[PDB]
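J.: Would you mind keeping the following structure in view while I ask a few things?
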Amino acid sequence: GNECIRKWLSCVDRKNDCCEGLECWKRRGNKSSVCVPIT
């Protein structure tokens, strides 16, 4: 099924929840870490 945080989503306390292919990246203007696409 689907048990993970999609892309471009807030991951304040869910850094290890980001879906496959994403990483909890901290922002500056947003002030809230979000799952970003990794290479």
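In the structure tokens, the first chain shown is A, the next is B, and so on; residue numbers restart at 1 for each chain, and ligands run from 1 in the order shown.
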Compile the contact shell of residue A:6 as a PyMOL selection string: residues with an atom at most 8 Å away, counting only C-alpha atoms, same-chain residues fewer than 4 positions apart removed.
T.: chain A and resi 18-19+22+35
J.: Hey, what's within 10 Å of residue A:4 if we count only C-alpha atoms and toss same-chain stuff fewer than 3 positions away? As a list in words, please?
T.: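 Result of the neighbour search: residues 1, 7, 14, 16, 17, 18, 19 and 20 of chain A.
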J.: Write the selection just made, keeping N, CA and C atoms, as a tab-separated table (two decimals), in the first residue's frame?
T.:
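Below is the file that was written, part17.tsv:
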```
chain	number	residue	atom	x	y	z
A	1	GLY	N	0.81	-1.21	0.00
A	1	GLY	CA	0.00	0.00	0.00
A	1	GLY	C	0.84	1.26	0.00
A	7	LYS	N	6.12	13.71	-2.05
A	7	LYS	CA	7.10	14.76	-2.32
A	7	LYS	C	6.50	16.14	-2.05
A	14	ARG	N	8.99	13.71	10.75
A	14	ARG	CA	8.80	12.53	9.92
A	14	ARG	C	9.91	12.42	8.87
A	16	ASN	N	12.24	10.36	8.66
A	16	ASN	CA	12.40	8.96	8.27
A	16	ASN	C	11.08	8.39	7.78
A	17	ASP	N	10.20	9.26	7.30
A	17	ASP	CA	8.90	8.84	6.79
A	17	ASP	C	8.79	9.11	5.29
A	18	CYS	N	9.62	10.02	4.80
A	18	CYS	CA	9.62	10.37	3.38
A	18	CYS	C	9.55	9.12	2.51
A	19	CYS	N	8.76	9.19	1.44
A	19	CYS	CA	8.61	8.07	0.52
A	19	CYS	C	9.96	7.70	-0.10
A	20	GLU	N	9.93	6.70	-0.99
A	20	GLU	CA	11.15	6.25	-1.65
A	20	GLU	C	11.56	7.23	-2.75
```
J.: Out of chain A, which residues get strand (DSSP E or B) from DSSP, as a PyMOL selection string?
T.: chain A and resi 5+10+18+22-25+34-37
J.: Would you mind listing what lies within 10 Å of residue A:13 as a ChimeraX atom specification, with only C-alpha atoms counted and same-chain residues fewer than 6 positions away left out?
T.: /A:24,32-33
J.: When you draw a straight line from atom CA of residue A:31 to atom CA of residue A:15, how long is it in Å?
T.: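 If I compute the distance from atom CA of residue A:31 to atom CA of residue A:15, I get 14.6 Å.
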